[PDB]
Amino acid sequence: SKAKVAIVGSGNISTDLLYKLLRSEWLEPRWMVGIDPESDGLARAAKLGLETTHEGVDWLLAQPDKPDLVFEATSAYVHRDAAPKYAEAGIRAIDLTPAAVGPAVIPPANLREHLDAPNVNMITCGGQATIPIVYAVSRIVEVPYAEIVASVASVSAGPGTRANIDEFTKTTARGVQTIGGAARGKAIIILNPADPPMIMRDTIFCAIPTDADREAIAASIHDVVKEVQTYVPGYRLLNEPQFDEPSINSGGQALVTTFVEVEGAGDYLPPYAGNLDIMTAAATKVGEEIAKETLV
C-alpha cells in the first residue's frame, strides 16, 4: 500500500515533484494545495487525479482522510506558519523551503538518523549535490576544511536564490560542516548565462591528511556517487577524484578534488535545471525512505 502524500505549493518545484511522486513505488500524491485559483500548477494536478484547492493549508488540515506525508515548496514564511499545524495534526512534513524548522537531511549522509523526525528539511541544491562527496571523504579521513563550488545556468536560478544568495552560501557551508563532517565549510555559487543553458556542475575540494589513504578515499567517493545515482540518475562523476600535495595555493593543505555534473530528469523541469531537479529527487527519496521505515 502506497503512502498517501500531499503537496503544498503549486509552482515549478511542486509540479516537478508531483511528476516524480506519480512514478514512486512507495508514495501516492493525492492532494495539491495552493492559494492562487489561477495557478497552472493546480490545473495540472487536477487533470492527473489529485484533489486540489486554493484555500491553503487550512483546507488540507480539515480533511477526513489525513495525508501520511506532506511535501511543502512554498516559502520559508509560509512553511514556518504551517509546520506547527502539521505536527499537531500528526502529519510528517518534508520541507523544500529555507524554513529549516526541522533537521536538514542528505540521504547518503544522515537520512537514517532522522527517519523518525516529524519535520525534515532538504537544505539547498548545492548541499544535496556536494555534501554526499564531503561525507564520502570524511567517513574515511579527518577533513579539517571542505569547499564546494556550484555552477548553475543563470536561467535556472529564480528570484529565490537570487534574492538570498548569501543564505545559499552560508547554509550550504553550514551543511558541509554539520552533515558533511568537515570541521569548516565554505560554499561558492557561480551563475553562468551561457546559451544553451549549462547543466549544473559542482566542484568539491576536501582538505585531507598528507598521508591519507587515497585509494580508500577514491573508492568511498565512487560508492557515494553510485548511491546518489539510485535517486538522481543524471548525477555523474566528471573525472576520477584528483589528489594534491600541500602548496601555496592550498595553504599548505593536502586535498582531494571531485567534479560532479547534475543533469535533471526532465520530468517537468528541463535537464539544465539539475539544481531544482535534485531538490525534488532528494525529497522524493527521503519520503520513500520514511514511508518504508516508519509507515509500512
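For every residue, the number given is its place in the sequence shown, counted from 1.
query = Per the PDB record, is the mean Cα temperature factor higher over 123 to 131 or over 105 to 113?
reply = Taking the mean B-factor of the alpha carbons in each, 105 to 113 is higher.
ask   = Which of the two stretches, 157 to 165 or 174 to 182, shows the higher mean Cα temperature factor in the record?
value = It is 157 to 165 that shows the higher mean C-alpha B-factor.
Which of 263, 227, 245, 58 ranks first by CA B-factor in the deposited coordinates = The C-alpha B-factor peaks, among 263, 227, 245, 58, at 58.
task = From the list 253, 257, 53, 239, select the residue with the highest C-alpha B factor recorded in the entry.
result = That would be 53, according to the entry.
message = Looking at the temperature factor on the CA atom of residue 88, which third of the chain's modelled residues does it land in?
response = It falls in the top third of the chain.
key: Third of the chain's Cα B-factor distribution that residue 80 belongs to, per the entry   = Highest third, going by the recorded CA B-factors of the chain.
message = Looking at the temperature factor on the CA atom of residue 233, which third of the chain's modelled residues does it land in?
response = Within its chain, residue 233 is a middle-third residue by C-alpha B-factor, going by the deposited values.
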